[PDB]
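Sequences listed follow chains B, V, U, S and L, in order. Residues 8 to 44, 68 to 215, 246 to 284, 293 to 417 (the authors' numbering) are what the first sequence spells out, left to right. Straight run, no breaks: the second sequence in the authors' numbering ends on number 2163. Straight run, no breaks: the third sequence in the authors' numbering ends on number 196. Residues 818 to 858, 1041 to 1202 (the authors' numbering) are what the fourth sequence spells out, left to right. Residues 172 to 191, 195 to 221, 257 to 273 (the authors' numbering) are what the fifth sequence spells out, left to right. No residue lacks a Cβ here, since even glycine has one placed at the ideal position from N, Cα and C. Worksheet for the structure shown next.
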Amino acid sequence: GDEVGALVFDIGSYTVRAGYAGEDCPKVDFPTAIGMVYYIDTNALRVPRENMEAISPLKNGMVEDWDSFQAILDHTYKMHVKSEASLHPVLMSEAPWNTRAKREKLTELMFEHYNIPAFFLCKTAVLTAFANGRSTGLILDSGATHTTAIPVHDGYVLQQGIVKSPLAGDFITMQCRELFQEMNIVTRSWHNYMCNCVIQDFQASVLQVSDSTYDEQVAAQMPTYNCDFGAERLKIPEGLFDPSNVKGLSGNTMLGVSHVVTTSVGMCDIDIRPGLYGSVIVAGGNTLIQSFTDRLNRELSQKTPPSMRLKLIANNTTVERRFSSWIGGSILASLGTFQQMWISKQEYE
Amino acid sequence: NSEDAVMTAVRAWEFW
Amino acid sequence: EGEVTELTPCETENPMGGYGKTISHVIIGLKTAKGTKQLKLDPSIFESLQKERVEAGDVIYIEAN
Amino acid sequence: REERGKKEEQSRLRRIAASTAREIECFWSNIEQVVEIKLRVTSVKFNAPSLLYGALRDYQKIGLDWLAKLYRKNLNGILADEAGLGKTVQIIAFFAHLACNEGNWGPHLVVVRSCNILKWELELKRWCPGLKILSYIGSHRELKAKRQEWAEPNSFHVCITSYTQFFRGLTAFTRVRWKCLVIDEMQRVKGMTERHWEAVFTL
Amino acid sequence: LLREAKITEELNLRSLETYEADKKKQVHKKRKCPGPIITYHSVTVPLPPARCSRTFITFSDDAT
Ligand SMILES: Nc1ncnc2c1ncn2[C@@H]1O[C@H](COP(=O)(O)OP(=O)(O)O)[C@@H](O)[C@H]1O
């Protein structure tokens, strides 16, 4: 139970999490989108300065603009961490499947510019599994840029059974747009960013998932101007699980959350599928939708082989599910293996 | 039942 | 007896348990004046091999039973 | 040699990851164990056995049958049987049948002596477990926290109260409606000069 | 509904009251292990029924 004071970072697509190890809640949380003319903070989101382009370091779940990554890391170490970045280990949280070149570039940039004495990174599925308190399981993450069913066995991502669907930040940023326009309505990038923000607010406010196939529903009102929305709010979320249910705006084929889970479990080798089915874990931001986990559970039960247990984690009530990765990373640097299994300062040199 | 699968895997390893 | 050429063919962990690293057999390349003959002895003897200074290039006196 | 070296590198990475996973899982298990240790320490007879896990005896079932007339005919009588026959089990079976037959649960009350509160809730949990029961301790502070989920919600269907606690909170119990008011060992309720009579009358 | 709710609630209460494990102690022993533990393991395997004995030696880390 030794603690050295490591700063665990997690570069998310919607909000970056950061804070000292040994905490049960991310102390740092703010939008990750960088506004370059070069301001990265909630202030940047608020300040209406000269023409600004809204972009993010992550693209399809992979860091593309290293300049923005360096900028956000420096801004964090300067204002949020309020401590010099030369006497504190770092536990980076990469993507579900990171590449050799990306990890090499990250390690090189770190050890060169920041001179971190100890830098280590691990998968996100394993971190979430550790946060939930289980080694074997099936992580069902739905982030702002991708949703993936990551089967983990003994805290290691089974790269052979990974899957992915187009469910990303484009979930309702443009569907809810037309849904609202049905009744009625600094650069273009900033306008799109503000539109996405207000659409996410509308989502967290009224968007709800049904328990079964789409059906009539009473209306609900909410400000933005005020309007009363009928069952329209219950239509778009249907596309997350069943493609046949959404027949008009879901193309010809689509791997829903349930179908994604089934495919991920089927692609895995024998002797481990029972453990995966028994312990199913959900993650991401889209899981916060109302009645999401309920529909997921009551639907996966139908698409479940006989005598196969299905016991998920009932943590959706708490908002910390989205930060499960950060919780796992923080609790990771409080063990004895932190000194045994770790990358020191003279391993790469 | 688990022990049955375990011994079957052991027999498969022996054949290998 | 004969000049030893120790080598342990890596084998999958105990199939009855989990995974990892185990050794199911230990091959010793006893080389005699007439020729060479590798013996796939029991792995439990590995302790005896490490006990004495049994390095590649020396003569060892093995016992059947 | 090349392919075996590649496979061995992959297996070594797998094993390092598995060791880290085992370590973190063991630490989490220790934490959970510590948390759990700190937290823990002309007589129709047709009865339904649904939710009756505790096995009942023949005479117990017969007694249950004889007393079915009370709830069905809206009658009340005294149950004076020699100790050792488990009247608590009979009352538990009655509460279970009230739900097995009709869909009404209602909020119930059971008056038990101070030295018999734990025994009664233990028996309830043992015989016919499925029920919602609450205890009454700490009349000053603890009860105040428990009385914050009774008005609007039906947090519990059965309550195990004590005699001495009623007289200090009559203004509270008389507000909520109740269906069954069980009182055991009426020997303490045989003196008219006591104030318990008028206190329990207005229920 | 509320019926299954109360059932599960009292079942959990009964489990808690009855809990008044050896596997956990074995896991603790494992914790205390420095890590480079070599395990001598031999089990009977098939070729009473005809069978034979097989020997296995598991090495924790590559150092050993
Ligand atoms: N690349 C990613 N991988 C995993 N999770 C992500 C990723 N990007 C964003 N997330 C999480 O998903 C959430 C998406 O936000 P959103 O679902 O719109 O909020 P809400 O639905 O609660 O209104 C973000 O809060 C973010 O933390």
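Buried or exposed: residue i, going by 16 or more other Cβ atoms within 10 Å of its Cβ?
i         : result
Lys1143/S : exposed
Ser312/B  : exposed
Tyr107/B  : buried
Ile193/U  : exposed
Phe262/B  : buried
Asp310/B  : buried
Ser369/B  : exposed
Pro258/L  : exposed
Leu323/B  : buried
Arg1174/S : exposed
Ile304/B  : buried
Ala264/B  : exposed
So with Cβ pairs under 8 angstroms, would you call residue i a contact of chain S?
i        : result
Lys152/U : yes
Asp271/L : yes
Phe391/B : no
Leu403/B : yes
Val156/B : yes
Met122/B : no
Can you round the beta-carbon distance between residue i and residue j to whole angstroms, since I take them to be within the 8 angstroms contact cut?
i         : j         : result
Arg363/B  : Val269/B  : 5 angstroms
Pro126/B  : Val333/B  : Wrong, their Cβ atoms sit about 16 angstroms apart, outside the cutoff.
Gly397/B  : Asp17/B   : 6 angstroms
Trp394/B  : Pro33/B   : 5 angstroms
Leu1069/S : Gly1076/S : 6 angstroms
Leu1063/S : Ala1082/S : So it is not a contact: roughly 18 angstroms between Cβ atoms.
Just to confirm, are residue i and residue j a CB contact at a threshold of 8 angstroms?
i         : j         : result
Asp184/B  : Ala1067/S : no
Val217/L  : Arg260/L  : no
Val1111/S : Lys1131/S : no
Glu181/L  : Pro1152/S : no
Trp1119/S : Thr1087/S : yes
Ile158/U  : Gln169/U  : yes
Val35/B   : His110/B  : yes
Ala13/B   : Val120/B  : yes
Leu197/B  : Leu308/B  : yes
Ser1049/S : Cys1099/S : yes
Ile146/B  : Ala159/B  : no
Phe141/B  : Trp410/B  : no
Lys153/B  : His176/B  : no
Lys152/U  : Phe268/L  : yes
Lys371/B  : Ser326/B  : yes
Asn81/B   : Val44/B   : yes
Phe1172/S : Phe1165/S : yes
Name the DSSP beta bridge partners of residue i, please?
i         : result
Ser195/B  : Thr177/B
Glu83/B   : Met43/B
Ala25/B   : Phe16/B, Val35/B
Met92/B   : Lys89/B
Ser347/B  : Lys379/B
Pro220/L  : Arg260/L
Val1157/S : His1107/S, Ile1132/S
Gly133/U  : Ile191/U
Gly167/B  : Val182/B
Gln281/B  : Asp296/B
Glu142/U  : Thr153/U
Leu188/B  : According to DSSP, which records beta bridges pairwise, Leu188/B is partnered with nothing at all.
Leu1180/S : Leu1108/S
Counting only C-beta atoms, is residue i closer than 8 angstroms to chain L at any point?
i         : result
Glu144/U  : yes
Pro140/U  : no
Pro1152/S : no
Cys843/S  : yes
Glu2161/V : yes
For chain U, is any of its Cβ atoms less than 8 angstroms away from the one on residue i?
i         : result
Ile211/L  : no
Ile266/L  : yes
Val217/L  : yes
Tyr190/L  : no
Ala2156/V : yes
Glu825/S  : yes
I want to check one thing, is the minimum distance from the CB of residue i to the heavy atoms of ligand 3 below 7 angstroms?
i       : result
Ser20/B : The model depicted lacks ligand 3 and carries ligand 1 instead.
Are the C-beta of residue i and some C-beta of chain B separated by less than 8 angstroms?
i         : result
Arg857/S  : no
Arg831/S  : yes
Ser1138/S : no
Using beta carbons (cut-off 8 angstroms, strictly below), is residue i in contact with chain V?
i        : result
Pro220/L : yes
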